[PDB]
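Notes to accompany the following structure.
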Amino acid sequence: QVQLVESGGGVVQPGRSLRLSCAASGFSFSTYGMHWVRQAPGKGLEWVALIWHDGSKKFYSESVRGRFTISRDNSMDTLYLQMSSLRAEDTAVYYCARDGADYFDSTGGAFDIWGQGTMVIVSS
Amino acid sequence: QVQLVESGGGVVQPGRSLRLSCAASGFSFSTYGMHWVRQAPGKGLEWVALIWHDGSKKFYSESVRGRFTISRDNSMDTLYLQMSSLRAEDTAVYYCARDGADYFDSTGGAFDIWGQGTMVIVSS
Amino acid sequence: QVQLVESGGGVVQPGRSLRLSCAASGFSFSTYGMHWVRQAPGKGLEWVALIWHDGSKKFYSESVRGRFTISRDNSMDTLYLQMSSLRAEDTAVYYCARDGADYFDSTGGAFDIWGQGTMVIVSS
Amino acid sequence: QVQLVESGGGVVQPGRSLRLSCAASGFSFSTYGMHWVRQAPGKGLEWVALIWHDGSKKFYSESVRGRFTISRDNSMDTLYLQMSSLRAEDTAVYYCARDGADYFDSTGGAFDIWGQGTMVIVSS
Amino acid sequence: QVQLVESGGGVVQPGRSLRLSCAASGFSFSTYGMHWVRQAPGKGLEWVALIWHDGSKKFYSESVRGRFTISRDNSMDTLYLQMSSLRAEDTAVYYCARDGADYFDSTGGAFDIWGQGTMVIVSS
Amino acid sequence: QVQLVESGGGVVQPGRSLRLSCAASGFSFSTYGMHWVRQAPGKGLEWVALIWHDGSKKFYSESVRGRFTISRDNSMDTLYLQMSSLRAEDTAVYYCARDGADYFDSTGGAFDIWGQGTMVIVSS
Amino acid sequence: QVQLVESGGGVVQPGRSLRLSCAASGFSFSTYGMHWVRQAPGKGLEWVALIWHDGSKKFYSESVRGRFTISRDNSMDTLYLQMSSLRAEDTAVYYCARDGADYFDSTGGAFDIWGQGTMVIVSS
Amino acid sequence: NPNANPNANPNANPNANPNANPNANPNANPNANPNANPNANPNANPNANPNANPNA
Amino acid sequence: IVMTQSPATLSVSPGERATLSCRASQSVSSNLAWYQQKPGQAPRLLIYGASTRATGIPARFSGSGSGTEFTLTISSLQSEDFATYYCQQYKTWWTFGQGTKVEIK
Amino acid sequence: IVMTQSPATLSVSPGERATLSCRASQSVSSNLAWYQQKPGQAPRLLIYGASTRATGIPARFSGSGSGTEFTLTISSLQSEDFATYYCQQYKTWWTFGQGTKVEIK
Amino acid sequence: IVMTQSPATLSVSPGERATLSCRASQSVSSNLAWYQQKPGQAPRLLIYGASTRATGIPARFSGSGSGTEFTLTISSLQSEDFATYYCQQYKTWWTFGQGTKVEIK
Amino acid sequence: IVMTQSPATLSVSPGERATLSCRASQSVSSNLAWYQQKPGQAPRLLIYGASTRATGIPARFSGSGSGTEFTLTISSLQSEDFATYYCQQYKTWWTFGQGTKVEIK
Amino acid sequence: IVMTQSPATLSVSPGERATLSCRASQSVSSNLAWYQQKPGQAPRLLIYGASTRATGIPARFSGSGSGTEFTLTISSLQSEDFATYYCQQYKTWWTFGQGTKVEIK
Amino acid sequence: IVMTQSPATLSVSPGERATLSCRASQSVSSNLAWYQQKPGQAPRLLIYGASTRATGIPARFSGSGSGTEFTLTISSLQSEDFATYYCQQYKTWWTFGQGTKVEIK
Amino acid sequence: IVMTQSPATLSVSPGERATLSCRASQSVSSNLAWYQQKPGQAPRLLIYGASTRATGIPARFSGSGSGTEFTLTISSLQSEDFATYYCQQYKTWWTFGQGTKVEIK
């Protein structure tokens, strides 16, 4: 009954801003760090951003550092991603992923739970 | 006058759901983390679940994770345990316990106040 | 016009109960946390208890924990201190104080507004 | 049909008191928190005060706190602002505004509905 | 003998106004919040409006908000629904329902008592 | 000089209807809420019913809700309790009591003035 | 959009205390270490103190060891330096600097981002 | 070592520690949030309180 | 909007047991109700609070659960238990399910 | 239901002091009353608000406590004070205690 | 205090596109509003939540952004769109921007 | 899982001293608690922090040790002290020991 | 950057054994994961720690290897096991492999 | 418990400067307050945050320091400034100092 | 303390090549940095690691050297490149040079 549901996709022209959402259920959201994963059409999977369980530390990919901002709202069990100055290379399906590390692993884990994914199309 | 009173036990056949309650009095309930502890007939004690003082974080035992849900209502000074998909090994006395940590202990403490206990029987 | 007026003091025998009241005016009483502070005759000031703006969380000194209870009712803007099992060491002037924190200070502030004080005598 | 009508403006010399009114219709007044917003001649908009849907909590700007008081009468669907110790800096149009938060927004919203505004002139 | 009798139904063309009534008997009508519930022909049940026991707070569905108005007169134990600017989607059976909450439930309850129901037909 | 004189008691077989009364003198009956209190032979006291000062709101005990109806006639200062479907558990002394609340207490008071009490006997 | 803002400067006589602040924006403050760099009027740059990203380890120069205290608050993205036993030789411009080393450098890095700098004057 | 990297390790465990103090902090702001929702809850109890003052 | 969903239709012979279910899009903490409706008649409450029966409701009707997953159980199906069964939440707003119809098998 | 409990009985000789206790299951914020009932007569209100005496009540009766635990104190017990004493709350509903009997020792 | 900054003036001829900017000194998590004020009239809400249009607002008004940077975009500028546009945050307090006036080129 | 060992059963006559032992698979930094449970009753905290007595615990109960090895010492074993004693860690998770039963010799 | 490489494609008849491979540019100490993605669907974790199966993964999926060389083995290939298989490391950063597609032979 | 210490008594002629000091047993990060109490009157807040004056507190009262060392300075001590001055921390709990008395020299 | 020494001043006309030098008392293996500070402005990082340009640095800035001797060469000096240049090492501690001033010839 663990679920991740992405929302906020669609069509946006290059150079603009758009916000992605990820609603979690079936687990204690505030105890986990959350990821964003990207898969371009016809390409492989690419990691986008990471946020701590409390929102303190945020880590970003070199391809999106400076443009993208990852945030969360533990009260509503919802994860966010702000993508500004969008480029045609940002067209992809965005997945919401959970960090599946044991609470005493000390090294971080794999992506145990994935969302359904959302499409963002950057074109004119 | 620091007390914990459990209720909601009884007999439930395997596969169904049952909800436990724990009413607190004699202290500020909204400022303490709450635990559930379990003792099977003839066996030792087993920790079940933990909820933060505000309900932000929840932690569960490996045996009950996914099936049991811990929740609280600080307005009514009451604690809950929703147990679904009940199995024969869940037959035990369920104790409501208070986290006995100093407010600046940084690690969480022992089980200071225990309830009277409520018996849950899973059989056909 | 920000005022706190205390009442309910007097002479009480040891082991009995006494109830204090604090009437507030000139500010929104429901948006602030309230304190009780104690000053024994010829001694310094001593903090007693704190209550949240809504009455959810309550904190007490170790010297009065279990015996005293802090409460409030925002309808008529009154603060209460129920003192039970009174001892000779409880004889003091009891001050009603407001929490002088900015609404986004994240820690709580000093005692901004003090009452006039009410004298409590525990003797035979 | 959702409208707000301010009244009670005019010319007042400094140091005196003046009371504003705001009559609401077309919506359930008792379920909404209401604001007062200020705009000096030739200046920008400035927020003044907020009152809860029932009147329990009140909040004020740093430039009006103490001098101004916000109240309401849910029976007559009327909002009040009691302006005292008036200064030349208080000359402005005063707007009655409704908080446009969804009933589960958890953070309050924008000023959904505004009044026509009433002019307050503080001079000799 | 807890009875609710709806009246005032019939056939009305789009854009015109109609008023529904609900006479209550067998209980203290002045101490209960009252609802209106809607069921389109061949469709399910839809909640429309809620009014407090004293008529203070009124709540409406998004599909009827602005057009419909709920009111009561506790003197003759009658609940009213004023529907204006009626549309073809408004054709349904309108049920008068009572709030089946305990007087200290703090969260509202199910629709304990339903009326007979009345037909409102919106067509040319 | 403040009295409450009750009448209409007697012996009635189960299932029939018996109508009590309460004659009040020495005060303004039209501005007070009136209660009914019950005491079984050899048992403690039990509250039965309440009515507002004007007859609008009526409240009943869980053991008499639906069977009993409380009514008043402020013109000649008489309080009534209409019992139907009487049972053997309804054999007790019924007291007519006045609400001892200040006109600005907002939360009701104790039973200030009690009637002499009338025995109601339900036997075959 | 990476910025560092120093504030809390001014003129303080020798022997007293003064506190510095460093506001961070446009990047994840909790992920990087921080530095203070001192520039006397007419002199070169001087490194003051280094603190870890989480605050675990603090290091100071030989001239300001003991007297100066460095601290950070990751929640507010703020860096604090406390100036005790201030002498006239500490009259300088103070800069807030980020350790712009890669996350897998194992040797530390240069100061990637510099603040605007605040002026500190220590004279009678 | 003073010259060791003071930057956060990206691969440090981002999950909460179970054995962290679940109790509340006494010295946390007890005052109200100004920007909390000021509007009424639709699901609050609409029924009259029996203990309200029955006197005129 | 808290979406409430119920199974479409099930056919049960008289005397058997029916197990209806109701899933909530968001968490409704034991704030669920069940209603029984027959054609041409108003709905009638059966269970409220997700476990408590109404006043004049027989013991063969039963419900349980909290949070997101809820179940309704009818034991020993009778001739009177052939009706449309609705699921309602009253935690955020008052939203119903689409109704589960029981049919003679 | 807010359950109210009192000690069963106490034996006090005239002139001594009687201390009656009353405990509530939940919090009753100074909404407690004490009644004196002699056999064959209507109850008589003594204390309301848990501390305030009624009109014709002597100073030898005094009440204290709030929340859940309450106490009634009678000083210099007289011949008229040997009766059954009831503890009532009026915060959630109007529920009474089982009574405490004062008997001549 | 969260101070809000906007460009001072902006000159666009009818039919073209206008892009207004807004910067927050601290983080405002999509708690931003845009208002349109014509001379002699009260403000009118356009966008709330930094992206959601109000009830009777045409689709030619659009907003985007979160955190500390926000923009208001007007497409196919009309004769009714010439007014002062204000930026307001409602996350920490209720503070407005100083406004950007749209004037015919 | 930090699994906790304890001796099975020890027999002591009243008045003598009882030495209980507790071992851990890994290190628990003074995060150990001791509990007393009598049949049919809930456990009762005795020692926390591996050395600190609870509120209403007699001074005859004393705990010591840190890391892996912990001991519980009862001096002048009384009639009430015959029960099962449990050893619990709260460092990595909340795991208990299997208990040691003290019986009358 | 830790580059992870996998074979382009494998053709395996149902019921046979498939042996995928993954080589990392640097050492990843048992910090490797395996995912299975079907067209139009999100990836689904198989192995974490380079040897540990996930929760609902059948025993026919097996992983091994440490350091730089790793291998995923599928025994008794089923009809549901025809999909793209990705290799990920999470030791230095989060870098995926290009994938290996298994196809019906 | 954070212990707060102050000088015992200070004698200052009117018009001079008085330097009151406060020392904390542990670190309080600018969470320290100063109060003024005349005999028979309630305490009056002067400084909060170790440097910020209260509402109507004249400029002759000044505070400084952070961590464990704090000072209260009154310049040109007036006739109404002869009172007992208290020091309080509000970082870990609410503890006061024993106060420093200012007497006329 | 690792002392670092730099040239005092050099005069170069615009369009020519400026060659700066830096010498450390001890060994610093590619852990040397360069900053550009104009009067009244904060230092601006140019080269880190003794060879790597920073983010917003034009290609005309270049550094080299390892161990003891390090250099900073500016090719085609522009009007924007006239400022003080500081040399920093970060191998053992954080020490700065006395600065090199480039002045218009």
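In the structure tokens, chains take letters A, B, ... by order of appearance, with residues numbered from 1 within each chain and ligands from 1 in the order shown.
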
Pick out the residues sitting within 7 Å of residue 79 of chain C, and hand them over as an NGL selection string; count only C-alpha atoms, and ignore anything fewer than 3 positions along from it in its own chain. :C and (21-23 or 71-73)

Suppose we keep N, CA and C atoms; can you now write the selection as a compact mmCIF listing (two decimals), in the first residue's frame?
```txt
# COMPACT_ATOMS: atom_id res chain seq x y z
N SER C 21 -5.83 32.61 39.46
CA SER C 21 -6.41 33.08 38.22
C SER C 21 -5.67 34.33 37.77
N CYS C 22 -5.58 34.50 36.46
CA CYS C 22 -4.87 35.63 35.86
C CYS C 22 -5.72 36.14 34.70
N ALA C 23 -6.21 37.37 34.83
CA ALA C 23 -7.06 37.97 33.81
C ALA C 23 -6.24 38.90 32.92
N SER C 71 -3.45 25.68 33.36
CA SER C 71 -4.54 25.60 32.40
C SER C 71 -4.92 27.01 31.98
N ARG C 72 -5.73 27.09 30.93
CA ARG C 72 -6.19 28.37 30.42
C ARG C 72 -7.55 28.18 29.77
N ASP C 73 -8.28 29.28 29.63
CA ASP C 73 -9.54 29.30 28.90
C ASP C 73 -9.58 30.62 28.13
```

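If you count only C-alpha atoms and ignore residues fewer than 6 places along the chain from residue 115 of chain E, what sits within 12 Å of it is residues 2, 3, 4, 5, 6, 7, 21, 22, 23, 24, 25, 34, 35, 36, 37, 38, 79, 93, 94, 95, 96, 97 and 98 of chain E; 41, 42, 43 and 44 of chain I.
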
Backbone-only DSSP, strand (DSSP E or B) members of chain L, as a count of residues only: 57

Shell of 8 Å around residue 7 of chain L, only C-alpha atoms, local chain residues under 2 positions omitted, as a list in words: residues 5, 9, 10, 20, 21, 22, 99 and 100 of chain L

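Proximity to residue 40 of chain L at 12 Å, evaluated using only C-alpha atoms and with sequence-adjacent residues fewer than 5 positions away removed, yields residues 39, 41, 42, 93, 116, 117, 118 and 119 of chain B; 83 and 84 of chain L.
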
Those same residues - N, CA, C and O atoms - I'd like them written as a tab-separated table (two decimals), in the first residue's frame.
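Dumped to part_15.tsv:
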```tsv
chain	number	residue	atom	x	y	z
B	39	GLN	N	3.45	-8.60	24.38
B	39	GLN	CA	3.92	-9.78	25.11
B	39	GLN	C	3.03	-10.97	24.78
B	39	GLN	O	1.89	-11.05	25.25
B	41	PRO	N	1.61	-14.79	24.99
B	41	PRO	CA	1.41	-15.64	26.17
B	41	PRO	C	2.56	-16.62	26.35
B	41	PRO	O	2.85	-17.44	25.48
B	42	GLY	N	3.22	-16.52	27.51
B	42	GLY	CA	4.34	-17.38	27.83
B	42	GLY	C	5.68	-16.93	27.30
B	42	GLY	O	6.68	-17.62	27.54
B	93	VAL	N	-0.76	-9.62	24.78
B	93	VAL	CA	-1.19	-8.46	25.55
B	93	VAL	C	-0.46	-7.24	25.00
B	93	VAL	O	0.77	-7.22	24.93
B	116	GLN	N	-2.25	-0.76	31.67
B	116	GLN	CA	-2.69	-2.00	32.29
B	116	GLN	C	-2.63	-3.17	31.31
B	116	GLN	O	-2.48	-4.32	31.73
B	117	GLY	N	-2.72	-2.89	30.02
B	117	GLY	CA	-2.67	-3.93	29.00
B	117	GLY	C	-4.04	-4.35	28.53
B	117	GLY	O	-5.02	-4.34	29.27
B	118	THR	N	-4.11	-4.73	27.26
B	118	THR	CA	-5.33	-5.26	26.67
B	118	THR	C	-5.00	-6.52	25.88
B	118	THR	O	-3.99	-6.58	25.18
B	119	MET	N	-5.83	-7.54	26.04
B	119	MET	CA	-5.58	-8.84	25.44
B	119	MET	C	-6.21	-8.91	24.05
B	119	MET	O	-7.38	-8.56	23.87
L	83	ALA	N	10.20	-11.96	41.23
L	83	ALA	CA	9.49	-11.76	39.98
L	83	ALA	C	10.47	-11.95	38.84
L	83	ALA	O	11.64	-12.30	39.05
L	84	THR	N	9.99	-11.71	37.62
L	84	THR	CA	10.82	-11.76	36.43
L	84	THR	C	11.41	-10.39	36.16
L	84	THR	O	10.70	-9.38	36.23
```

Quick one: which chain J residues come within 10 Å of chain B, and what is the nearest atom pair for each with the distance in Å to one decimal, counting only C-alpha atoms, rows ordered by chain and ascending number, as CSV?
```
residue,atom,partner,partner_atom,distance
J:25,CA,B:25,CA,8.9
J:26,CA,B:25,CA,8.1
J:27,CA,B:25,CA,9.3
J:68,CA,B:26,CA,9.2
```

Against chain L, which residues of chain H fall within 10 Å? For each one I want the closest pair of atoms and the distance in Å (one decimal), counting only C-alpha atoms, rows by chain and increasing residue number, as a Markdown table.
```
| residue | atom | partner | partner_atom | distance |
| --- | --- | --- | --- | --- |
| H:17 | CA | L:92 | CA | 9.0 |
| H:18 | CA | L:93 | CA | 7.4 |
| H:19 | CA | L:91 | CA | 6.5 |
| H:20 | CA | L:91 | CA | 9.4 |
```

Restrict the selected residues to N, CA, C and O atoms and save them as an mmCIF file, in the first residue's frame.
```cif
data_model
loop_
_atom_site.group_PDB
_atom_site.id
_atom_site.type_symbol
_atom_site.label_atom_id
_atom_site.label_comp_id
_atom_site.auth_asym_id
_atom_site.auth_seq_id
_atom_site.Cartn_x
_atom_site.Cartn_y
_atom_site.Cartn_z
ATOM 1 N N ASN H 17 16.686 8.898 12.117
ATOM 2 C CA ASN H 17 17.170 7.955 13.118
ATOM 3 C C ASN H 17 16.021 7.548 14.029
ATOM 4 O O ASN H 17 15.397 8.423 14.643
ATOM 5 N N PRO H 18 15.689 6.259 14.129
ATOM 6 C CA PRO H 18 14.586 5.852 15.013
ATOM 7 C C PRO H 18 14.798 6.213 16.471
ATOM 8 O O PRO H 18 13.842 6.616 17.145
ATOM 9 N N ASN H 19 16.025 6.088 16.979
ATOM 10 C CA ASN H 19 16.312 6.322 18.394
ATOM 11 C C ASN H 19 16.755 7.767 18.592
ATOM 12 O O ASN H 19 17.791 8.062 19.188
ATOM 13 N N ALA H 20 15.943 8.683 18.078
ATOM 14 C CA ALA H 20 16.099 10.096 18.371
ATOM 15 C C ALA H 20 14.951 10.500 19.279
ATOM 16 O O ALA H 20 13.874 9.902 19.238
#
```

Counting only C-alpha atoms, chain G residues within 7 Å of chain A, as a PyMOL selection string: chain G and resi 28+30-31

Check chain A with DSSP on the backbone and list each residue it calls helix (DSSP H, G or I), as JSON, numbers by chain. {"A": [29, 30, 31, 88, 89, 90]}

Could you write out the selected residues, including N, CA, C and O atoms, as a PDB file, in the first residue's frame?
```pdb
ATOM      1  N   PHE A  29       6.359   9.246   5.669  1.00  0.00           N
ATOM      2  CA  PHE A  29       7.087  10.049   4.693  1.00  0.00           C
ATOM      3  C   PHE A  29       8.215  10.849   5.333  1.00  0.00           C
ATOM      4  O   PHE A  29       9.301  10.956   4.753  1.00  0.00           O
ATOM      5  N   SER A  30       7.989  11.405   6.522  1.00  0.00           N
ATOM      6  CA  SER A  30       8.949  12.301   7.156  1.00  0.00           C
ATOM      7  C   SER A  30      10.228  11.605   7.604  1.00  0.00           C
ATOM      8  O   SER A  30      11.199  12.290   7.938  1.00  0.00           O
ATOM      9  N   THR A  31      10.258  10.275   7.622  1.00  0.00           N
ATOM     10  CA  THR A  31      11.439   9.535   8.040  1.00  0.00           C
ATOM     11  C   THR A  31      12.348   9.145   6.883  1.00  0.00           C
ATOM     12  O   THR A  31      13.399   8.540   7.122  1.00  0.00           O
ATOM     13  N   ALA A  88      15.072  22.268 -23.976  1.00  0.00           N
ATOM     14  CA  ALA A  88      14.531  21.151 -24.743  1.00  0.00           C
ATOM     15  C   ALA A  88      15.113  19.821 -24.284  1.00  0.00           C
ATOM     16  O   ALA A  88      14.488  18.770 -24.472  1.00  0.00           O
ATOM     17  N   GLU A  89      16.304  19.844 -23.684  1.00  0.00           N
ATOM     18  CA  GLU A  89      16.915  18.635 -23.149  1.00  0.00           C
ATOM     19  C   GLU A  89      16.244  18.153 -21.869  1.00  0.00           C
ATOM     20  O   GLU A  89      16.564  17.057 -21.398  1.00  0.00           O
ATOM     21  N   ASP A  90      15.335  18.939 -21.295  1.00  0.00           N
ATOM     22  CA  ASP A  90      14.635  18.559 -20.077  1.00  0.00           C
ATOM     23  C   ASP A  90      13.337  17.809 -20.344  1.00  0.00           C
ATOM     24  O   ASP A  90      12.606  17.512 -19.395  1.00  0.00           O
TER      25      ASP A  90
END
```

Pick out the residues sitting within 7 Å of residue 109 of chain F, and hand them over as a list in words; count only C-alpha atoms, and ignore anything fewer than 5 positions along from it in its own chain.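 The filter keeps residues 99, 100 and 101 of chain F.
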
Dump C-alpha atoms for the selected residues as a short mmCIF file (atom, residue, chain, number, x, y, z; two decimals), in the first residue's frame?
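To be explicit, this is the file written out as selection_19.cif:
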```
data_model
loop_
_atom_site.label_atom_id
_atom_site.label_comp_id
_atom_site.auth_asym_id
_atom_site.auth_seq_id
_atom_site.Cartn_x
_atom_site.Cartn_y
_atom_site.Cartn_z
CA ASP F 99 -30.47 26.29 36.51
CA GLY F 100 -28.10 28.14 38.82
CA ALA F 101 -26.12 29.97 36.16
#
```
